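Engineer: Take a look at this one; I'll ask things after.
Every residue, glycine among them, receives a Cβ derived from its backbone with ideal geometry; neighbour counts consider all protein chains shown. Here, each number is a calculation from the coordinates, and none is a lab measurement.
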Protein chains: 2
Amino acid sequence: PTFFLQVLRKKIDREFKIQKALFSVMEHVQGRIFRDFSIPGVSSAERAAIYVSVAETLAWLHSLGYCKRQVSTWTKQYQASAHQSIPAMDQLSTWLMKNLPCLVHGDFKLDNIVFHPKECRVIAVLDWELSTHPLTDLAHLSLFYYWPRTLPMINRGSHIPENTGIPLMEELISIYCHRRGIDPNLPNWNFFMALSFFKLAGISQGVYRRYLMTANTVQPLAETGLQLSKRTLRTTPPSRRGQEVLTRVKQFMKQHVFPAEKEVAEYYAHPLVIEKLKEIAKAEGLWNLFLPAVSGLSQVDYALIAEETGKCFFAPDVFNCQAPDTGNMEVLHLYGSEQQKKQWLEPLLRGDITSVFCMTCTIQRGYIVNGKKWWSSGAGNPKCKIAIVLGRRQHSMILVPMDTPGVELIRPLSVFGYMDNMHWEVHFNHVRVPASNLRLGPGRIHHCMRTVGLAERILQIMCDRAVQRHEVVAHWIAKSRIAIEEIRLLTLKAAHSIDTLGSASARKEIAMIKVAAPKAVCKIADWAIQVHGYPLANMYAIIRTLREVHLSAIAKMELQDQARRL
Amino acid sequence: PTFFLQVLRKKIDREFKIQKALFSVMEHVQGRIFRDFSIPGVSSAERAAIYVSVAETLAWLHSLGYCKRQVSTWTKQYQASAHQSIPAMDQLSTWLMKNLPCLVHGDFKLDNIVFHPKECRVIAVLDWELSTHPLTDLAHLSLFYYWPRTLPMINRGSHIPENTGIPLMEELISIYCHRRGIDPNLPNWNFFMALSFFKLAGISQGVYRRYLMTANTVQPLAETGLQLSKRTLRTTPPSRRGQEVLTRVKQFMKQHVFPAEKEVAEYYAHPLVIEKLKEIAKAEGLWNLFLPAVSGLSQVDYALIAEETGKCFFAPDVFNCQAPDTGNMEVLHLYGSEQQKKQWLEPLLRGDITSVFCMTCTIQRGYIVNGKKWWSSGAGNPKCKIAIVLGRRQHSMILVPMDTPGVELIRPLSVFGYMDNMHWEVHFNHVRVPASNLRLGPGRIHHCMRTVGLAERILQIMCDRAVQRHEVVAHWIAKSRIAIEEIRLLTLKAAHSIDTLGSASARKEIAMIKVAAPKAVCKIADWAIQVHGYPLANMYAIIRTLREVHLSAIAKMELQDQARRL
Ligand SMILES: Cc1cc2nc3c(=O)[nH]c(=O)nc-3n(C[C@H](O)[C@H](O)[C@H](O)COP(=O)(O)OP(=O)(O)OC[C@H]3O[C@@H](n4cnc5c(N)ncnc54)[C@H](O)[C@@H]3O)c2cc1C
Ligand SMILES: Cc1cc2nc3c(=O)[nH]c(=O)nc-3n(C[C@H](O)[C@H](O)[C@H](O)COP(=O)(O)OP(=O)(O)OC[C@H]3O[C@@H](n4cnc5c(N)ncnc54)[C@H](O)[C@@H]3O)c2cc1C
């Protein structure tokens, strides 16, 4: 007898004994239960007080080596209760079995605590079912910070916000430790995260199996557990997610991709080296970053990462953030048909096929699209299947597969005598496509950040050459640094304006960064090649290829703003 | 019997009755007592939890019209116990007497609460002496946010930090109100602040008088109470101090100083209008802003305010933030002899005398300073007495009063034929001065922010003239806007770098803003005067007067940074 009543008397014997001991037949508790773990119904100070209170009640209930046995039992239960193939689960179990290390609550979450009706203090704790290590429960509580950005959150809640009032993981860890007495640093933390994620995956699989007599969430959980199983999680105190991702990006870059620059350049005059690097980056978790949902970071962190990966010429290819593909990916994901999404994006997010965005025709109503394209970047790749054309309120963009009859590449276009193997013309002669086959802010931001990174590398090279081999060169260096700093500041300001105050109130800054950057970057490239009297050739080629209506647009917007202000 | 024991049994009868009723002879309480109200011994979440807990214990002890009589009694007690002349106290009492509107604790502060030894929860509340309105106690608790930036904090603590973890005043107000049930908005809040400040001043005066049988703190408290007695304090929820100061600056500007522009310009070809405006600004509290201790704001708020007050040509004169005076004031305040400070700064902070910083000689050891100055700005003012000269590690700056024998102005220097009534040469022929009479970051930041504001006003004027009367003018407008945005971003970045990561790690950005701004601002002025084919004459004069070694310095620093990075 433990069901609801209008609680009950309530291995129920173990739970009853635990309740009796704690008191040294529980009735109803008149308190709240935050289903969503983001706590959106209170202020910031209230959220911080709530999390401090749960930390201290955990400490008070804890402070007042069969862990491997528990891991083995959970592995056996998950393997016996499994109903679908899951190599990730077996890999995670094998990896955790290679790692070794009281009265816990088993499933201590924010959803199993009833507070006071008018005050933020813990009144009672329930659901003490799987109770039998003084640090595993803390890891189970704190794992929700690393809930995968792709998997929807459990208990119908939003992902944990940052800079809102919630304590960061290190902050909560320090609170609990100082409440207990142990040192802030903790050992075998990767093992704790792996065990917690594996236990959660097993619980979800068991719940799904019981409901059959949650199902698709075991694979993302196992993948994330494997991803965090090989890292250095600093328990002691030290967006934060953006900084961690940027640090990992820099480490991966400096450890793998810079030494391959010479080999790639020699092969230029896609190699299997790029394929191996792509596989390594996908395995390490650094893949499809630029997608604003598969990675979860904010716009400013995106711009900083793009700046960090614009230095190498072919760097965006490794992270699957090429120039044409990302716009089509964003268009498909944001406002796209579910059937069209399943048909097309699945061949993009896995890197199966490329894409192309072309507007440099007739889209008259099925519908027929007869016209001639031009300057279509990335149209010559052997793995280029999809194609998005926004041709003639005549703006109607419709997908057109390149394998459809009537599509035929005409000739390759050369810029300054470089074929750009890493601009073939396209002709569409009355292609028949079904009706099923039928913004710029992030694109401009990333296209400016990459150019800024390129200019920074150019300045580094020019400074090194000037030192290795007068006042004029020093003046050139100083002017280049000034221009680089100003352009970076403008780009970051535009990105932050897009992030905070919507996306429709940042057209002015986008036009401004579209105007400012290329001129100064071309000037810097010219000064560098003049000082030289080498990778700089590729940088100059890119800067010249990437090189006055936007000034008129900015003037119109400025005049409108001045008229509005008065 | 209420003294300490190793508490006691403990109008003590009223306190004993209150304790007995609350329980329905208190012993010692084993808990902490935060003397400093900033709570520096805990983390951010712990601070937020502490303040939430004090808010809810206040609400629980309160929720579970003799206010004018109490005000009159406090006024009588303060007047009878007064020992020194205080017109501010009488003025505040008269102002409060014109404003009209349970079981309180009288002196409910963070210093009269004992928490738990290991948890952040309220255990007991003490010092219930003056207990007899359900909102006055809240105002007394929350007044500590407006502790004057000049008066040192009480109970030997630091001023309340921002963006640290402490709740903002509106946030705490909302917490307490939602705990009680009243609406977030509150009436007669200015009266509450005035009464709270007057009561605190009376308590301090009484404590000082009792100790004589705190003394100098009654005047700043009364002045601050008078200053906040005339404002609009929004109780409901809506740096914050920087934003409030900037809003007040903009309101004062647009309400008083812009209409006087025509009169001042006509008088040009200091008037009593400037004196009246200076008196009004000093009365309103907007005075000596640029001093980094008499105002208390951070560097970024300082730059934003300076940008807002750089638009009017003579605006810095009203706020007492002139170009030469502020450097000498900062040098005196930061590292200056107490005797020298009392001798000189007191004639500056009150606007009694001006100053001048001149280095464009011999300071050989008393000491004699014989040499010829040049381009000494502000040396012709009739109220110019002090003078700081850093002349010949020969850098030894020594104050030299201008009334001393041997100092005589030579001739006035004209720039472009403007005498600049709002540059006389100085000659020092063996001045005898005692040995008693013996950085650039804020100066450069403000000197760039004012120029940015001037450029913004110039662009506004040029846009208005272009509308009132082609593609080239539109292109000019767009380029001017781009340059203005880039320069503002650079200036703010340099100011923030000075603020956060010390003042010795921002020389590069300071040199960068010293290089970048004048060229673009001069170009904008040239384009404006070309479009015109008027206040713009004064703006061009200033921009030209304010107009290549810094490039070499920046190149040297950049080369050193590149060498260090490798
Ligand atoms: C490296 C590279 C990659 C490219 N990739 C792509 C791609 O992926 N997809 C794609 O669709 N296109 C692509 N393009 C083409 C790109 O769209 C063109 O550079 C651009 O659209 C101009 O094409 P256009 O010949 O129509 O310009 P035109 O209209 O022929 O050029 C007119 C020029 O005159 C000037 N001008 C315009 N209006 C005014 C005015 N009112 N007053 C004064 N001057 C004015 C401007 O300088 C303007 O560029 C690429 C080009 C390059 C060089
Ligand atoms: C409006 C105004 C207000 C002023 N107010 C003050 C004031 O309050 N206090 C004060 O002390 N002074 C003041 N001055 C003077 C100011 O210090 C001077 O403008 C400046 O110091 C230059 O003086 P100078 O004659 O010694 O320069 P000079 O040394 O005679 O000029 C040399 C010039 O050559 C160039 N140059 C220098 N080194 C190099 C190099 N290595 N390579 C190439 N070119 C180089 C630079 O353009 C430099 O300005 C003011 C000036 C003006 C115009």
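Engineer: Counting other beta carbons within 10 Å of each Cβ, put B:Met449, A:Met169 in order, fewest first.
Structural biologist: Numbers: B:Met449 26, A:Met169 19.
Taking fewest neighbouring Cβ atoms as first place, the list is A:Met169, B:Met449.
Engineer: What are the extents of the Cα atoms of the range A:380-422 along their three principal axes, listed from largest to smallest and rounded to whole Å?
Structural biologist: Rounded to whole Å, the extents work out to 38, 24, 17 Å.
Engineer: For the range B:442-448, just list the computed ³J(HN,Hα) in residue order, Karplus coefficients 6.51, -1.76 and 1.60, θ = phi - 60°, integers in Hz, with x standing in for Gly and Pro.
Structural biologist: x, x, 5, 4, 5, 5, 7
Engineer: I want the local charge near B:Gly378. Using Cβ-Cβ distances under 14 Å, sum +1 for each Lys or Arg and -1 for each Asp or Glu among the other residues.
Structural biologist: Details: positive: B:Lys373, B:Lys383, B:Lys385; negative: B:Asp317, B:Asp325, B:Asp420, B:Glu425.
Residues near B:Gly378 contribute -1 overall.
Engineer: Here is a further query. Take every residue in peptide A:37-45, count the Cβ atoms of other chains within 10 Å of its Cβ, and give the average of those counts.
Structural biologist: Numbers: counts 0, 0, 0, 0, 0, 3, 9, 5, 16.
Partner-chain Cβ atoms within 10 Å, mean over residues of A:37-45: 4.
Engineer: Please report, in debye to the nearest 20, how large the charge dipole of chain A is about its Cα centre when each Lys and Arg carries +1 at its beta carbon and each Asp and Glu carries -1 there.
Structural biologist: Values: 68 positive and 49 negative charges, 120 e Å.
That gives chain A a dipole magnitude of about 580 debye.
Engineer: Shifting gears a bit: Can you give the FRET efficiency to the nearest 0.05 for B:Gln77 and B:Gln339, using r as the Cβ-Cβ distance and R₀ = 30 Å? Mind showing how you got there, number by number?
Structural biologist: Details: r = 39 Å, r/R0 = 1.29.
In this case the efficiency is close to 0.20.
Engineer: Principal axes first, then extents: for the Cα atoms of the range B:113-209, list largest minus smallest coordinate on each axis, whole Å, largest first.
Structural biologist: In descending order, the Cα extents are 40, 39, 33 Å.
Engineer: Quick one: order A:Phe37, A:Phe290 by neighbouring beta-carbon count within 10 Å, fewest to most. Don't skip to the answer; put the middle values down first.
Structural biologist: Values: A:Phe37 20, A:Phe290 23.
Taking fewest neighbouring Cβ atoms as first place, the list is A:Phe37, A:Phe290.
Engineer: For the range A:133-203 and the range A:225-301, what is the centre-to-centre distance using only Cα atoms, to the nearest Å?
Structural biologist: If you average the Cα positions of each part, the centres end up 24 Å apart.
Engineer: Taking the number of other C-beta atoms within 10 Å as the exposure measure, put B:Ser436, B:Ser298 in order starting with the fewest. Don't skip to the end; give the middle numbers.
Structural biologist: Values: B:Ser436 12, B:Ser298 18.
Neighbour counts put them in this order, fewest first: B:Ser436, B:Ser298.
Engineer: What number, rounded to the nearest 500 deg cm²/dmol, is the helix-based mean residue ellipticity at 222 nm of chain B, given -39500 (n - 2.57) per DSSP H run of at least four residues and division by all its residues?
Structural biologist: Values: 21 runs with 295 residues, N = 566.
Theoretical 222 nm ellipticity from helices: -17000 deg cm²/dmol.
Engineer: Evaluate the charge dipole of the range B:149-259 about its Cα centre and quote only its size in Debye, nearest 20, assuming +1 on the Cβ of each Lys and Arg and -1 on the Cβ of each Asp and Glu.
Structural biologist: Numbers: 15 positive and 6 negative charges, 40 e Å.
Around 200 debye, computed over the range B:149-259.
Engineer: Can you quote the Å³ per residue value for the convex hull of the Cα atoms in the range A:440-564, rounded to an integer?
Structural biologist: On the way: hull volume 14.5 nm³, N = 125.
Each residue corresponds to 116 Å³ of Cα convex hull volume.
Engineer: According to the square roots a ≥ b ≥ c of the eigenvalues of the Cα gyration tensor, what is the shape class of the range A:254-372, taking rounded for a/c under 1.5, prolate for a/b larger than b/c otherwise, and oblate for the remainder? Walk me through the intermediate numbers first.
Structural biologist: Values: a/c = 2.13, a/b = 1.59, b/c = 1.34.
Since a/c reaches 1.5 and a/b is larger than b/c, the shape of the range A:254-372 is classed as prolate.
Engineer: Still on this model: How large is Rg/Rh for the range B:168-305, to two decimals, with Cα atoms and a Kirkwood Rh?
Structural biologist: Result for the range B:168-305 is an Rg/Rh of 1.06.
Engineer: Once phi is turned into θ = phi - 60°, what whole-Hz ³J(HN,Hα) does the Karplus curve with 6.51, -1.76 and 1.60 give for every residue of the range B:495-504, x standing for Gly and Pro?
Structural biologist: Calculated HN-Hα couplings, in order: 4, 5, 5, 4, 5, 7, 9, x, 10, 8 Hz.
Engineer: Checking the table B:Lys254/B:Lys508; A:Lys98/A:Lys282; B:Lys278/B:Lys373; B:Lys311/B:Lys372; A:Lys68/A:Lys282 against a 29 Å threshold on Cα-Cα, which pairs fail? Walk me through the numbers on the way to the answer.
Structural biologist: On the way: B:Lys254/B:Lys508 36 Å; A:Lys98/A:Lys282 24 Å; B:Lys278/B:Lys373 31 Å; B:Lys311/B:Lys372 35 Å; A:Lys68/A:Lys282 31 Å.
Where the Cα-Cα span goes over 29 Å, the pairs concerned are B:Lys254/B:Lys508; B:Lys278/B:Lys373; B:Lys311/B:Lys372; A:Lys68/A:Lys282.
Engineer: Also, quick follow-up: Report the Rg/Rh value for chain B, based on alpha-carbon coordinates and the Kirkwood definition of Rh.
Structural biologist: Taking Rg over the Kirkwood Rh, I get 1.03.
Engineer: Residue by residue through the range A:160-167, which ³J(HN,Hα) values in whole Hz follow from phi under the Karplus form 6.51 cos²θ - 1.76 cosθ + 1.60 (θ = phi - 60°), with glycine and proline marked x?
Structural biologist: 4, x, 10, 6, 10, x, 6, x
Engineer: Work out the charge dipole of the protein assembly as shown with +1 on the Cβ of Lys and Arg and -1 on the Cβ of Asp and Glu about the Cα centre, then indicate which of B:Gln84, B:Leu272, B:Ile461 is farthest towards its positive end.
Structural biologist: Value: B:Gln84.
Engineer: Oh, and also: Of the options B:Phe252, A:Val249, A:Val122, report the single residue whose Cα projects farthest towards the positive end of the charge dipole of the protein assembly as shown (beta-carbon charges: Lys, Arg +1; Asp, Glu -1).
Structural biologist: Positive-most Cα among the choices belongs to A:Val122.
Engineer: Could you compute how fast the protein assembly as shown diffuses translationally, taking Rh as the Kirkwood radius over C-alpha pairs and applying Stokes-Einstein at 10 °C with viscosity 1.306 mPa s? Give it in µm² per second. Display every interim value, and only then the final one.
Structural biologist: Numbers: Rh = 35.4 Å.
Diffusion coefficient, whole number: 45 µm²/s.
Engineer: Same structure again: Provide an ascending nm list, one decimal, of label-point separations from B:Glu266 to the equivalent residue in each further copy; define each label point as 7 Å from Cα along Cα→Cβ.
Structural biologist: 8.3
Engineer: Can you spot the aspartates and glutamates whose alpha carbon is less than 17 Å from A:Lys20's alpha carbon? Ignore those fewer than 8 places along the same chain.
Structural biologist: Of all the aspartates and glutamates, those that pass the test against A:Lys20 - Cα under 17 Å, at least 8 places apart if same chain - are A:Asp127, A:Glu129.
Engineer: When DSSP beta bridges are limited to those with both residues in chain B, what percentage is antiparallel, rounded to the nearest 5? Please list the in-between numbers first.
Structural biologist: On the way: 16 of 19 bridges.
Around 85 percent of the beta bridges assigned by DSSP in chain B are antiparallel ones.
Engineer: Taking a label point 7 Å from Cα toward Cβ, how far is A:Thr73 from its twins in the other copies, in nm, shortest first?
Structural biologist: When each copy's label point is compared with this one, the spacings are 6.7 nm.
Engineer: If you consider only alpha-carbon coordinates, what radius of gyration and Dmax does the range A:304-343 have, in Å?
Structural biologist: 13.0, 38
Engineer: Considering only C-alpha atoms, what is the centroid distance from the range A:306-356 to the range A:93-130, in Å?
Structural biologist: 40 Å
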